[PDB]
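Chemist: To start, I am sharing the structure in question, which I have written as C-alpha cells.
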Amino acid sequence: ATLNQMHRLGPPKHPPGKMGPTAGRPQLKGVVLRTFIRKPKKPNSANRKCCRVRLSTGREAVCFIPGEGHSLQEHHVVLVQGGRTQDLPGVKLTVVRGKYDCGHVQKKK
Amino acid sequence: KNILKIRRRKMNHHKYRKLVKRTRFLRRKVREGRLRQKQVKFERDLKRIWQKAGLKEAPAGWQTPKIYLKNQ
RNA sequence: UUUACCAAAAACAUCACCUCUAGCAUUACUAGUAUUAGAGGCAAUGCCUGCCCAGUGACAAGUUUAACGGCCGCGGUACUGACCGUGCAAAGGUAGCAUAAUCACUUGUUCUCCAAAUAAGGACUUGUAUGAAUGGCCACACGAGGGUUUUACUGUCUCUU
RNA sequence: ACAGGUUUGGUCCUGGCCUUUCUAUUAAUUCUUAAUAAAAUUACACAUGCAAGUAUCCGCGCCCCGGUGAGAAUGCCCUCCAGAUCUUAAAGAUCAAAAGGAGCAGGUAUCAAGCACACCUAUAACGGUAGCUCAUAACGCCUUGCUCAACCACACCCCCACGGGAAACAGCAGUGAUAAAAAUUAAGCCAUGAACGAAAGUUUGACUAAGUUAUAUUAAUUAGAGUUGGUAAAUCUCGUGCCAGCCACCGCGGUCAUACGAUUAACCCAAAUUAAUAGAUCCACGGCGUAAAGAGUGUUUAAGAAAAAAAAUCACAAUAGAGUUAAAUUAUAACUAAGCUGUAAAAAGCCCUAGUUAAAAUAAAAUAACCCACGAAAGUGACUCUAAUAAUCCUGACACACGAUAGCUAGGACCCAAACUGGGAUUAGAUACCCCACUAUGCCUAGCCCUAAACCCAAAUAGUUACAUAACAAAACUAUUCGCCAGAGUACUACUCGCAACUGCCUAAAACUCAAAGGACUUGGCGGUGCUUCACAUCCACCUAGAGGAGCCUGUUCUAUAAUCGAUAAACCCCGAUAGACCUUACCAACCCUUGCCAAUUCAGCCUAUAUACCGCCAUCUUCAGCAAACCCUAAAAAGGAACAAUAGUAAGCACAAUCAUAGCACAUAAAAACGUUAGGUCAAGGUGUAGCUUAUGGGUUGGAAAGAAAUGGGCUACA
Ligand SMILES: [Mg+2]
Ligand SMILES: [Mg+2]
Ligand SMILES: [Mg+2]
Ligand SMILES: [Mg+2]
Ligand SMILES: [Mg+2]
Ligand SMILES: [Mg+2]
Ligand SMILES: [Mg+2]
Ligand SMILES: [Mg+2]
Ligand SMILES: [Mg+2]
Ligand SMILES: [Mg+2]
Ligand SMILES: [Mg+2]
Ligand SMILES: [Mg+2]
Ligand SMILES: [Mg+2]
Ligand SMILES: [Mg+2]
Ligand SMILES: [Mg+2]
Ligand SMILES: [Mg+2]
Ligand SMILES: [Mg+2]
Ligand SMILES: [Mg+2]
Ligand SMILES: [Mg+2]
Ligand SMILES: [Mg+2]
Ligand SMILES: [Mg+2]
Ligand SMILES: [Mg+2]
Ligand SMILES: [Mg+2]
Ligand SMILES: [Mg+2]
Ligand SMILES: [Mg+2]
Ligand SMILES: [Mg+2]
Ligand SMILES: [Mg+2]
Ligand SMILES: [Mg+2]
Ligand SMILES: [Mg+2]
Ligand SMILES: [Mg+2]
Ligand SMILES: [Mg+2]
Ligand SMILES: [Mg+2]
Ligand SMILES: [Mg+2]
Ligand SMILES: [Mg+2]
Ligand SMILES: [Mg+2]
Ligand SMILES: [Mg+2]
Ligand SMILES: [Mg+2]
Ligand SMILES: [Mg+2]
Ligand SMILES: [Mg+2]
Ligand SMILES: [Mg+2]
Ligand SMILES: [Mg+2]
Ligand SMILES: [Mg+2]
Ligand SMILES: [Mg+2]
Ligand SMILES: [Mg+2]
Ligand SMILES: [Mg+2]
Ligand SMILES: [Mg+2]
Ligand SMILES: [Mg+2]
Ligand SMILES: [Mg+2]
Ligand SMILES: [Mg+2]
Ligand SMILES: [Mg+2]
Ligand SMILES: [Mg+2]
Ligand SMILES: [Mg+2]
Ligand SMILES: [Mg+2]
Ligand SMILES: [Mg+2]
Ligand SMILES: [Mg+2]
Ligand SMILES: [Mg+2]
Ligand SMILES: [Mg+2]
Ligand SMILES: [Mg+2]
Ligand SMILES: [Mg+2]
Ligand SMILES: [Mg+2]
Ligand SMILES: [Mg+2]
Ligand SMILES: [Mg+2]
Ligand SMILES: [Mg+2]
Ligand SMILES: [Mg+2]
Ligand SMILES: [Mg+2]
Ligand SMILES: [Mg+2]
Ligand SMILES: [Mg+2]
Ligand SMILES: [Mg+2]
Ligand SMILES: [Mg+2]
Ligand SMILES: [Mg+2]
Ligand SMILES: [Mg+2]
Ligand SMILES: [Mg+2]
Ligand SMILES: [Mg+2]
Ligand SMILES: [Mg+2]
Ligand SMILES: [Mg+2]
Ligand SMILES: [Mg+2]
Ligand SMILES: [Mg+2]
Ligand SMILES: [Mg+2]
Ligand SMILES: [Mg+2]
Ligand SMILES: [Mg+2]
Ligand SMILES: [Mg+2]
Ligand SMILES: [Mg+2]
Ligand SMILES: [Mg+2]
Ligand SMILES: [Mg+2]
Ligand SMILES: [Mg+2]
Ligand SMILES: [Mg+2]
Ligand SMILES: [Mg+2]
Ligand SMILES: [Mg+2]
Ligand SMILES: [Mg+2]
Ligand SMILES: [Mg+2]
Ligand SMILES: [Mg+2]
Ligand SMILES: [Mg+2]
Ligand SMILES: [Mg+2]
Ligand SMILES: [Mg+2]
Ligand SMILES: [Mg+2]
Ligand SMILES: [Mg+2]
Ligand SMILES: [Mg+2]
Ligand SMILES: [Mg+2]
Ligand SMILES: [Mg+2]
Ligand SMILES: [Mg+2]
Ligand SMILES: [Mg+2]
Ligand SMILES: [Mg+2]
Ligand SMILES: [Mg+2]
Ligand SMILES: [Mg+2]
Ligand SMILES: [Mg+2]
Ligand SMILES: [Mg+2]
Ligand SMILES: [Mg+2]
Ligand SMILES: [Mg+2]
Ligand SMILES: [Mg+2]
Ligand SMILES: [Mg+2]
Ligand SMILES: [Mg+2]
Ligand SMILES: [Mg+2]
Ligand SMILES: [Mg+2]
Ligand SMILES: [Mg+2]
Ligand SMILES: [Mg+2]
Ligand SMILES: [Mg+2]
Ligand SMILES: [Mg+2]
Ligand SMILES: [Mg+2]
Ligand SMILES: [Mg+2]
Ligand SMILES: [Mg+2]
Ligand SMILES: [Mg+2]
Ligand SMILES: [Mg+2]
C-alpha cells in the first residue's frame, strides 16, 4: 500500500502452525475399538481395512492399516503416525507396522 | 460466468431464509434467553463496582435500568 | 369484585384491542352530537390472530366468520413417503404449542432432581379429542391461587414429658 | 530460490497446494571399533546412599556453585544508585535490590472504553480544584522463558509464608506411575573453582577421569537400507485382474501394470538408511474494471500533503414549501344496442354490460428530448411564485448529517396498477407462463427501517501522452493521500458489540472438506436465437400405389427342448445362406481313437475366449466438398490466413469435378465417392497378435433336432 499504511500495520508476519491429527507429536499410542472397512473416493475403487483407536490424549480417531493382511483385535495397542491417506476422506492417521501387537506384514516367499 | 459465483450466494441465501422461518421461534427463545444473560452480566459488572469501591449497598438513587430487555 | 351463613379462585371485572347500532333536542341517554352515545366480544404489553359464506342467523338477489359455527379420505410407491392415483367437500387444521387443569390408552419414552418419586422440571410427541379474539404463543411485575425443590427452624414425628 | 510439478479439449492470467535444500527429536529396518561432543517426556509421587563444612572455643560459611523453565508478556536496552562485601595510611572497587525512561519488545479489536485509575496546597494529614488513561491500542483474554561471553524467575502447593494443607531430589545417582521419548543406585578431590583456615591441609555427586547410548562430527577395521511412471537419479519376467494393494503432488490397478506383491538388472545414500512430527526458509515496497480487493454519499476531528493557475454561472429537470391543471380514466345520469371483455386458441367473468353524450374527486405527469442541465449520492424533465444551491476550494474516520425500491407504526387517500388468494385454461402435474376478478401495496402527513448489480463494477486531488500492447473492456502512466484485499469452499454463516430493527441491520470466525476455485481467450460442437437462400420424391401443400385388419409364405423375439453361432436404432429382421431331410454342421445323445491328413519336427489338430488387439472385406455420414505433406506471414502462434477497381498467402498430392460403361451423339442411370466419424459389422470366408485346450475345448461313426400359447417386421394372394 502506501508507506504510512504499511507503518500502521507494520511488517507481515507468517502465521503459527496448525497442528495435524497427531497434535504436534510425531507418533502416538492407541487402543483399538472396532476394525472395519471403508470405501475410497470416486475415480478409483477398492475397500480398505481401517481401524478406530483411543489415544493417550483421550480422543478417539479413525486410523489406517498399511499393507495387506494383519492381526488386529480390540484392546490391542498400536503406534500411530501422521501419514495421510489420499484414498479416503478424513483418514489422516496410520498405524506404524512392526511395533506392539502389529507385526510386519508377513512375508510370502 | 461470474454468475456462477453469484448463483452460489443466491442459493446459499435462499436456503438460509427457509431455515430462518422453520427455526424462527426456536431462535426467539434463544435470543431472549441471551438478553436474559446480557442484562444480568451488566448487573454483575456494576455490583462488582460497589463491592470493589467498598460500599456494601448501591449508591443512593440507583435502580439499575434494563437496557438490553428494552422493548416498545 | 363474588356465592351475608360450607367455595375468594384458575370465575367476574378491568387498562387495551375489536366488532355491530345510531345524523338527533327539553325528564333517561343529554341540557349531550359520530375522537360522541349506546348494544356486546375478548382480556393489558410484545409476536400474532391462518383457510372457509356451503349450512344457521344477521343485514340489506348479493354481503358478512374479532357471527353462530366448521376446518377429509382411501389406496400405491426410495421402516418411514417428498412423489403418484382417485374420490369427497364450503374449506380440508397453518403459525405456534404439546402427555397439558386437554376422553381413553396412562405410572407414554427418556434426561435431571432423591438412597428410592404414579410427584416436580426439561425434552420427545399424531392432540386423530391441541390450536388461534368461544383467542394461540412467549415475558415483566403482581397473587392469603394451585403445584415442586432447597436453606433455616422447630413437640409435626421417632416418642412423649 | 536459478527454481520445479499441479486447474483446462487447449492457450495465457491470477492463484494456492506440493517437491528439490538444511536441522532436531521419536519410530520401523539395519549397526564393527575406538576418539571428540551432547544427553532431554514429564514443577507428577519419591524406597536407599551421598551433595557443607572448616577450625584450638567464639566464628566464618551452609539454593554460593548446582537444578529447572513451573510462573509472568513477562522483559531487552539506558539512566540512577541504596545496602552488602573486598582493599586500605579513607576512599578506591566488585555485585548491584528498589526507583526510573530516548528507543525497541508474542498474538488477538469478535477485549473499546478502564473506573477513581489525577493534580494543587508545604499548610504538616486538613482542606481546594475535576481530573487521569485510551483507535499512535488504554483495560482485557490467550499462549510464551530469553534479545545467549549471559540475562530473568522459581525452590512442596495457598503470587507473596506470619499461619494453613501437610511432610517436599526442578542437587547426584537411582525408582514407581505417565509419555513417541529409557545414561552408572559408578571413582577420586590428582588437576581447577569454592568454603574455612596463621599454616601445613581438610571437605566439595561443582568438577576431573571414567562408565552407558549410532544422537551428531572425525577416522578406518565395518554393508546394510531406500528407491527405478512423471516432477527426479535408475527396471525385466511372472503373479493379481477397480480385486489385494500403492502415492509427497499428479495419480496407478476394469486381462497383455516399467506405479501392486515377488523376482532380475540398475540408481543413490552409506554404518547408517527411510518414515512421522517440529523448526530454519516461505507472503505485499504486490495489488484493487472483468480475477480476492475503491466502503451507497458528503463534511469534519485526529493526522498528514503543498512552486504559479486554482469564483463562473445554468441553456434551466437541485431540494422544501404554497397554490394551479392539459390529455386520459371513473362515479353517476340521458339516448342506443343486446351483447361486452379476453387470448395462439378457449373458457371463466360481467350483462348494475357496451357505444355515444354529458362530468368533479384521487392518481399520474404524451410531445418537447436526436437535449445532456441540476444535485454530494440516492435522485431530478406538467404549471406559477416564495425560500435556495457549503466552502479564496489538498486528503481525511467507526464521529456528524443523508440514502432508491420494498418494509414497519398511526391518521387520511383509493381513478388505475397489483404481491397474495380465489376462479378459467395450459399441462403427466402447473402452487407458473396465458385470462378474470380482487387485497395488502404503491399516493398524502408525521415517525421509523438504512438495504441494491446503491455499478460508470473504474477512490479522491494535481498532473502528462513521454515508456508501453498478458487477454478483453472505458488506451498507458506518475505524484500526495485515505479505504481496502493473504487458495477455494464452509460464509450477505456461528458467536460476540452497537442500533426506535426482536424472521432485521452492522461487524464477522473456526472445526470440517478439496487440490484446486477463479478472469479472459481459442477451435470446434450445439441453439424450441435473428437473418438470408435453399429441400426436388422432399419437410409442408399437392400426385399414385401400398403397409398396419384377413389367410398363407418367411425372418426375428419370447416361451417350449438334451440339442449351434452371428446381425439386432437410422446403418437387424427372405440378414452371413445366390439356400440345413443325410451331408452342409459348428449342436445335443450315446459310443469309439490318442505323433491323431503332411517330406520332417517333445509335434500335429481346436468354427475355444477375446472384432474393445488386428489384416482382410464392408456399413454409415455421403453424391458431403473437402482432406493433407512442403513453405511463408501474424507488436505470439491455443490458432488463424479471403475480399478481384483484392487487404498475406503460394502449394504439386488425393477426393469431387473431367473422361470411361451403358456399342454413335446429348441426357439419364451405372460406376466413382478422399479424410475422418459410429472401439459400427465379422476371430464361423480365410489369415493371424494375446491368452487358453493336448487319453481332449481334438478326430471319427450312429441317431436325434428345428415344437407354438403368443408378439411382431417383410412379403404373396385377395376382399370381387
Ligand atoms: Mg502415506
Ligand atoms: Mg451452497
Ligand atoms: Mg445465542
Ligand atoms: Mg360463603
Ligand atoms: Mg362480601
Ligand atoms: Mg370462607
Ligand atoms: Mg392476548
Ligand atoms: Mg377472565
Ligand atoms: Mg350463507
Ligand atoms: Mg402441526
Ligand atoms: Mg416445542
Ligand atoms: Mg388425558
Ligand atoms: Mg379441536
Ligand atoms: Mg380466525
Ligand atoms: Mg368464534
Ligand atoms: Mg370460557
Ligand atoms: Mg377450545
Ligand atoms: Mg405491569
Ligand atoms: Mg405465590
Ligand atoms: Mg387476590
Ligand atoms: Mg388480590
Ligand atoms: Mg477452472
Ligand atoms: Mg486434463
Ligand atoms: Mg472451456
Ligand atoms: Mg496438492
Ligand atoms: Mg532411538
Ligand atoms: Mg533422548
Ligand atoms: Mg517434585
Ligand atoms: Mg540459574
Ligand atoms: Mg538454565
Ligand atoms: Mg498487551
Ligand atoms: Mg539499578
Ligand atoms: Mg467471535
Ligand atoms: Mg496470563
Ligand atoms: Mg510455560
Ligand atoms: Mg511457595
Ligand atoms: Mg511455617
Ligand atoms: Mg535426579
Ligand atoms: Mg533441594
Ligand atoms: Mg519405569
Ligand atoms: Mg562423595
Ligand atoms: Mg565423557
Ligand atoms: Mg549415526
Ligand atoms: Mg557418523
Ligand atoms: Mg558388518
Ligand atoms: Mg529420468
Ligand atoms: Mg469383482
Ligand atoms: Mg501378465
Ligand atoms: Mg514413485
Ligand atoms: Mg514393484
Ligand atoms: Mg518477496
Ligand atoms: Mg488494470
Ligand atoms: Mg478468503
Ligand atoms: Mg463508488
Ligand atoms: Mg464514507
Ligand atoms: Mg453494501
Ligand atoms: Mg502538490
Ligand atoms: Mg408536502
Ligand atoms: Mg365513463
Ligand atoms: Mg390476440
Ligand atoms: Mg361464459
Ligand atoms: Mg421521450
Ligand atoms: Mg439524463
Ligand atoms: Mg436566495
Ligand atoms: Mg458549490
Ligand atoms: Mg469536492
Ligand atoms: Mg474533502
Ligand atoms: Mg430509505
Ligand atoms: Mg412505504
Ligand atoms: Mg397505512
Ligand atoms: Mg386498493
Ligand atoms: Mg373515491
Ligand atoms: Mg381493477
Ligand atoms: Mg389458480
Ligand atoms: Mg408437460
Ligand atoms: Mg411458454
Ligand atoms: Mg379495485
Ligand atoms: Mg414515494
Ligand atoms: Mg443507480
Ligand atoms: Mg451497471
Ligand atoms: Mg449511476
Ligand atoms: Mg460495490
Ligand atoms: Mg470483483
Ligand atoms: Mg475519498
Ligand atoms: Mg507523464
Ligand atoms: Mg492475441
Ligand atoms: Mg479460509
Ligand atoms: Mg444483503
Ligand atoms: Mg447475520
Ligand atoms: Mg458496530
Ligand atoms: Mg416420401
Ligand atoms: Mg428425405
Ligand atoms: Mg394391409
Ligand atoms: Mg398384415
Ligand atoms: Mg428355449
Ligand atoms: Mg437365433
Ligand atoms: Mg448376440
Ligand atoms: Mg447400432
Ligand atoms: Mg448395426
Ligand atoms: Mg429385404
Ligand atoms: Mg444335421
Ligand atoms: Mg469343436
Ligand atoms: Mg463381450
Ligand atoms: Mg470394429
Ligand atoms: Mg459383437
Ligand atoms: Mg476394421
Ligand atoms: Mg475444394
Ligand atoms: Mg498441407
Ligand atoms: Mg495452418
Ligand atoms: Mg461413350
Ligand atoms: Mg453425366
Ligand atoms: Mg453410385
Ligand atoms: Mg467421378
Ligand atoms: Mg462424390
Ligand atoms: Mg462393439
Ligand atoms: Mg481365425
Ligand atoms: Mg493363432
Ligand atoms: Mg469333437
Ligand atoms: Mg449326425
Ligand atoms: Mg398382427
Ligand atoms: Mg406385386
Ligand atoms: Mg399385391
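We label chains A, B, ... in the order they appear in the C-alpha cells, count residues from 1 in each chain, and number ligands from 1 in the order shown.
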Residues at most 12 Å from residue C:91, counting only C-alpha atoms (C1' of nucleotides), excluding those fewer than 3 positions away in the same chain, as a ChimeraX atom specification?
Modeler: /C:51-54,70-72 /D:422
Chemist: Please, could you write that set of residues out with N, CA, C and O atoms (P, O5', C5', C4', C3', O3' and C1' of nucleotides) as a PDB file, in the first residue's frame?
Modeler:
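result-v7.pdb written:
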ATOM      1  P     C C  51     -56.162 -16.326   5.300  1.00  0.00           P
ATOM      2  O5'   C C  51     -56.955 -17.649   4.921  1.00  0.00           O
ATOM      3  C5'   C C  51     -56.417 -18.546   3.969  1.00  0.00           C
ATOM      4  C4'   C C  51     -57.300 -19.747   3.780  1.00  0.00           C
ATOM      5  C3'   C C  51     -58.794 -19.486   3.704  1.00  0.00           C
ATOM      6  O3'   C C  51     -59.229 -19.009   2.446  1.00  0.00           O
ATOM      7  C1'   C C  51     -58.403 -21.271   5.159  1.00  0.00           C
ATOM      8  P     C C  52     -60.521 -18.058   2.360  1.00  0.00           P
ATOM      9  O5'   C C  52     -61.734 -18.985   2.846  1.00  0.00           O
ATOM     10  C5'   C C  52     -62.201 -20.062   2.040  1.00  0.00           C
ATOM     11  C4'   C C  52     -63.145 -20.976   2.780  1.00  0.00           C
ATOM     12  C3'   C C  52     -64.540 -20.448   3.042  1.00  0.00           C
ATOM     13  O3'   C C  52     -65.372 -20.526   1.910  1.00  0.00           O
ATOM     14  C1'   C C  52     -63.721 -21.492   4.982  1.00  0.00           C
ATOM     15  P     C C  53     -65.969 -19.178   1.302  1.00  0.00           P
ATOM     16  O5'   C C  53     -67.450 -19.107   1.871  1.00  0.00           O
ATOM     17  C5'   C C  53     -68.462 -19.959   1.349  1.00  0.00           C
ATOM     18  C4'   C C  53     -69.844 -19.519   1.767  1.00  0.00           C
ATOM     19  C3'   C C  53     -70.492 -18.421   0.917  1.00  0.00           C
ATOM     20  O3'   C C  53     -71.906 -18.622   0.977  1.00  0.00           O
ATOM     21  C1'   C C  53     -70.436 -17.716   3.124  1.00  0.00           C
ATOM     22  P     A C  54     -72.775 -18.920  -0.337  1.00  0.00           P
ATOM     23  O5'   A C  54     -73.112 -20.482  -0.231  1.00  0.00           O
ATOM     24  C5'   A C  54     -72.068 -21.439  -0.167  1.00  0.00           C
ATOM     25  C4'   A C  54     -72.563 -22.836   0.113  1.00  0.00           C
ATOM     26  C3'   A C  54     -73.725 -22.983   1.091  1.00  0.00           C
ATOM     27  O3'   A C  54     -75.007 -22.785   0.492  1.00  0.00           O
ATOM     28  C1'   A C  54     -71.988 -24.496   1.677  1.00  0.00           C
ATOM     29  P     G C  70     -67.920 -26.186  15.402  1.00  0.00           P
ATOM     30  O5'   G C  70     -67.901 -27.296  14.251  1.00  0.00           O
ATOM     31  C5'   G C  70     -66.729 -27.568  13.497  1.00  0.00           C
ATOM     32  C4'   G C  70     -66.971 -27.450  12.014  1.00  0.00           C
ATOM     33  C3'   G C  70     -65.746 -27.729  11.162  1.00  0.00           C
ATOM     34  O3'   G C  70     -65.641 -29.099  10.843  1.00  0.00           O
ATOM     35  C1'   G C  70     -66.655 -25.645  10.557  1.00  0.00           C
ATOM     36  P     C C  71     -64.684 -30.067  11.693  1.00  0.00           P
ATOM     37  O5'   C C  71     -63.565 -30.470  10.641  1.00  0.00           O
ATOM     38  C5'   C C  71     -62.306 -29.820  10.649  1.00  0.00           C
ATOM     39  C4'   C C  71     -62.114 -28.928   9.450  1.00  0.00           C
ATOM     40  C3'   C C  71     -60.667 -28.734   9.029  1.00  0.00           C
ATOM     41  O3'   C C  71     -60.233 -29.746   8.142  1.00  0.00           O
ATOM     42  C1'   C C  71     -61.732 -26.634   9.194  1.00  0.00           C
ATOM     43  P     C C  72     -59.333 -30.988   8.628  1.00  0.00           P
ATOM     44  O5'   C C  72     -59.896 -32.164   7.706  1.00  0.00           O
ATOM     45  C5'   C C  72     -59.343 -33.470   7.719  1.00  0.00           C
ATOM     46  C4'   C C  72     -60.302 -34.471   7.122  1.00  0.00           C
ATOM     47  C3'   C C  72     -59.698 -35.791   6.694  1.00  0.00           C
ATOM     48  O3'   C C  72     -59.468 -36.670   7.780  1.00  0.00           O
ATOM     49  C1'   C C  72     -61.124 -35.002   4.993  1.00  0.00           C
TER      50        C C  72
ATOM     51  P     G D 422     -56.092 -20.332  -3.227  1.00  0.00           P
ATOM     52  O5'   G D 422     -57.460 -19.889  -3.904  1.00  0.00           O
ATOM     53  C5'   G D 422     -58.635 -19.708  -3.125  1.00  0.00           C
ATOM     54  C4'   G D 422     -59.713 -19.027  -3.928  1.00  0.00           C
ATOM     55  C3'   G D 422     -59.972 -19.618  -5.302  1.00  0.00           C
ATOM     56  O3'   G D 422     -60.766 -20.786  -5.253  1.00  0.00           O
ATOM     57  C1'   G D 422     -59.840 -17.271  -5.472  1.00  0.00           C
TER      58        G D 422
END
Chemist: Mind checking DSSP for chain A and telling me the strand (DSSP E or B) residues as a PDB file with C-alpha atoms, in the first residue's frame?
Modeler:
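Now in states_27.pdb:
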ATOM      1  CA  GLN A  27       3.667 -40.673  16.893  1.00  0.00           C
ATOM      2  CA  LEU A  28       1.009 -41.807  19.356  1.00  0.00           C
ATOM      3  CA  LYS A  29      -0.178 -44.832  21.357  1.00  0.00           C
ATOM      4  CA  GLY A  30      -3.621 -46.206  20.637  1.00  0.00           C
ATOM      5  CA  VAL A  31      -6.180 -48.788  21.705  1.00  0.00           C
ATOM      6  CA  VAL A  32      -8.401 -50.335  19.016  1.00  0.00           C
ATOM      7  CA  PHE A  36     -13.831 -52.223   9.811  1.00  0.00           C
ATOM      8  CA  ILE A  37     -13.629 -51.265   6.157  1.00  0.00           C
ATOM      9  CA  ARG A  38     -14.195 -48.042   4.156  1.00  0.00           C
ATOM     10  CA  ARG A  48      -9.662 -50.536   2.632  1.00  0.00           C
ATOM     11  CA  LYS A  49      -9.036 -52.161   6.013  1.00  0.00           C
ATOM     12  CA  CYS A  50      -9.355 -49.470   8.679  1.00  0.00           C
ATOM     13  CA  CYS A  51      -9.448 -49.007  12.434  1.00  0.00           C
ATOM     14  CA  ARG A  52     -10.739 -46.959  15.338  1.00  0.00           C
ATOM     15  CA  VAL A  53      -8.490 -46.049  18.256  1.00  0.00           C
ATOM     16  CA  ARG A  54      -8.376 -44.156  21.527  1.00  0.00           C
ATOM     17  CA  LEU A  55      -5.221 -42.174  22.131  1.00  0.00           C
ATOM     18  CA  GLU A  60     -10.966 -41.271  19.575  1.00  0.00           C
ATOM     19  CA  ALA A  61      -9.971 -41.266  15.901  1.00  0.00           C
ATOM     20  CA  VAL A  62     -10.001 -43.161  12.612  1.00  0.00           C
ATOM     21  CA  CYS A  63      -6.636 -44.546  11.582  1.00  0.00           C
ATOM     22  CA  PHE A  64      -5.425 -46.738   8.729  1.00  0.00           C
ATOM     23  CA  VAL A  77      -2.159 -51.335  21.314  1.00  0.00           C
ATOM     24  CA  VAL A  78      -0.553 -49.766  18.272  1.00  0.00           C
ATOM     25  CA  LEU A  79       1.856 -46.987  17.436  1.00  0.00           C
ATOM     26  CA  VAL A  80       0.233 -44.488  15.027  1.00  0.00           C
ATOM     27  CA  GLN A  81       1.816 -41.860  12.797  1.00  0.00           C
ATOM     28  CA  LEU A  93      -3.741 -41.397  10.892  1.00  0.00           C
ATOM     29  CA  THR A  94      -1.726 -44.535  10.060  1.00  0.00           C
ATOM     30  CA  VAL A  95      -0.634 -47.488  12.168  1.00  0.00           C
ATOM     31  CA  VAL A  96       3.124 -47.999  12.205  1.00  0.00           C
TER      32      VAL A  96
END
Chemist: Name all residues at most 12 Å from stretch 470-474 of chain D (count only C-alpha atoms (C1' of nucleotides); drop same-chain ones fewer than 2 positions away) and give them as a VMD selection string.
Modeler: chain D and resid 11 to 14 289 to 290 456 458 519 to 522 636
Chemist: Tell me as a PyMOL selection string which residues belonging to chain C come within 12 Å of chain B, counting only C-alpha atoms (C1' of nucleotides).
Modeler: chain C and resi 45-47+95-97+137-140
Chemist: Give as a list in words every residue of chain D that touches chain A within 7 Å, counting only C-alpha atoms (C1' of nucleotides).
Modeler: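 Matching residues, ligands excluded from the count: residues 26, 28, 180, 242, 244, 245, 276 and 277 of chain D.
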Chemist: Output N, CA, C and O atoms (P, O5', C5', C4', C3', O3' and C1' of nucleotides) for every residue in that selection, as a PDB file, in the first residue's frame.
Modeler:
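Result went into selection_15.pdb, see below:
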ATOM      1  P     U D  26      15.350 -39.578  20.417  1.00  0.00           P
ATOM      2  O5'   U D  26      14.213 -40.690  20.355  1.00  0.00           O
ATOM      3  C5'   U D  26      13.024 -40.530  21.117  1.00  0.00           C
ATOM      4  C4'   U D  26      11.793 -40.877  20.323  1.00  0.00           C
ATOM      5  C3'   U D  26      11.867 -42.164  19.522  1.00  0.00           C
ATOM      6  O3'   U D  26      11.646 -43.320  20.315  1.00  0.00           O
ATOM      7  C1'   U D  26      10.959 -40.443  18.179  1.00  0.00           C
ATOM      8  P     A D  28      10.380 -49.401  16.941  1.00  0.00           P
ATOM      9  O5'   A D  28      10.398 -49.771  15.396  1.00  0.00           O
ATOM     10  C5'   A D  28       9.261 -50.340  14.772  1.00  0.00           C
ATOM     11  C4'   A D  28       9.424 -50.374  13.274  1.00  0.00           C
ATOM     12  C3'   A D  28      10.658 -51.095  12.748  1.00  0.00           C
ATOM     13  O3'   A D  28      10.547 -52.508  12.739  1.00  0.00           O
ATOM     14  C1'   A D  28      10.487 -49.017  11.681  1.00  0.00           C
ATOM     15  P     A D 180       2.420 -42.244  24.099  1.00  0.00           P
ATOM     16  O5'   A D 180       3.689 -42.158  23.140  1.00  0.00           O
ATOM     17  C5'   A D 180       3.982 -43.192  22.214  1.00  0.00           C
ATOM     18  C4'   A D 180       5.349 -42.998  21.612  1.00  0.00           C
ATOM     19  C3'   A D 180       6.461 -42.735  22.610  1.00  0.00           C
ATOM     20  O3'   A D 180       6.953 -43.931  23.175  1.00  0.00           O
ATOM     21  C1'   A D 180       6.611 -41.189  20.814  1.00  0.00           C
ATOM     22  P     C D 242     -11.403 -57.139 -11.375  1.00  0.00           P
ATOM     23  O5'   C D 242     -11.169 -55.963 -10.321  1.00  0.00           O
ATOM     24  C5'   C D 242     -10.695 -54.677 -10.720  1.00  0.00           C
ATOM     25  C4'   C D 242     -10.991 -53.633  -9.666  1.00  0.00           C
ATOM     26  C3'   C D 242     -12.459 -53.223  -9.549  1.00  0.00           C
ATOM     27  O3'   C D 242     -12.776 -52.971  -8.180  1.00  0.00           O
ATOM     28  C1'   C D 242     -11.143 -51.318  -9.988  1.00  0.00           C
ATOM     29  P     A D 244      -9.760 -55.706  -2.034  1.00  0.00           P
ATOM     30  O5'   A D 244      -8.502 -56.662  -2.191  1.00  0.00           O
ATOM     31  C5'   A D 244      -8.073 -57.491  -1.129  1.00  0.00           C
ATOM     32  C4'   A D 244      -6.609 -57.786  -1.271  1.00  0.00           C
ATOM     33  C3'   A D 244      -5.680 -56.697  -0.769  1.00  0.00           C
ATOM     34  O3'   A D 244      -5.441 -56.825   0.620  1.00  0.00           O
ATOM     35  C1'   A D 244      -5.007 -57.393  -2.933  1.00  0.00           C
ATOM     36  P     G D 245      -5.522 -55.554   1.591  1.00  0.00           P
ATOM     37  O5'   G D 245      -4.145 -54.794   1.327  1.00  0.00           O
ATOM     38  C5'   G D 245      -4.084 -53.654   0.480  1.00  0.00           C
ATOM     39  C4'   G D 245      -2.832 -53.629  -0.363  1.00  0.00           C
ATOM     40  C3'   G D 245      -2.156 -52.264  -0.497  1.00  0.00           C
ATOM     41  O3'   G D 245      -1.244 -51.987   0.559  1.00  0.00           O
ATOM     42  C1'   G D 245      -2.532 -53.151  -2.642  1.00  0.00           C
ATOM     43  P     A D 276       5.973 -39.626   5.870  1.00  0.00           P
ATOM     44  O5'   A D 276       5.735 -39.309   7.413  1.00  0.00           O
ATOM     45  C5'   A D 276       4.732 -39.992   8.152  1.00  0.00           C
ATOM     46  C4'   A D 276       4.782 -39.637   9.615  1.00  0.00           C
ATOM     47  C3'   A D 276       4.840 -38.156   9.936  1.00  0.00           C
ATOM     48  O3'   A D 276       3.598 -37.500   9.842  1.00  0.00           O
ATOM     49  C1'   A D 276       6.462 -39.255  11.202  1.00  0.00           C
ATOM     50  P     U D 277       3.582 -35.932   9.529  1.00  0.00           P
ATOM     51  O5'   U D 277       4.100 -35.259  10.876  1.00  0.00           O
ATOM     52  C5'   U D 277       3.408 -35.429  12.103  1.00  0.00           C
ATOM     53  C4'   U D 277       4.203 -34.862  13.252  1.00  0.00           C
ATOM     54  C3'   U D 277       4.561 -33.388  13.159  1.00  0.00           C
ATOM     55  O3'   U D 277       3.488 -32.515  13.475  1.00  0.00           O
ATOM     56  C1'   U D 277       6.463 -34.605  13.829  1.00  0.00           C
TER      57        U D 277
END
Chemist: Please return as a VMD selection string the residues found within 9 Å of ligand 13, counting only C-alpha atoms (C1' of nucleotides) and all ligand atoms.
Modeler: chain C and resid 93 127 129 to 131
Chemist: Could you report the residues within 12 Å of ligand 108, using only C-alpha atoms (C1' of nucleotides) and all ligand atoms, as a ChimeraX atom specification?
Modeler: /D:627-631,650-654
Chemist: Find the residues near ligand 3. Use a cut-off of 12 Å, count only C-alpha atoms (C1' of nucleotides) and all ligand atoms, and write them as a list in words.
Modeler: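 My answer, listing the contacting residues, is residues 26, 27, 28, 29, 30, 31, 32, 33, 34, 35, 36, 37 and 38 of chain B; 494, 495 and 496 of chain D.
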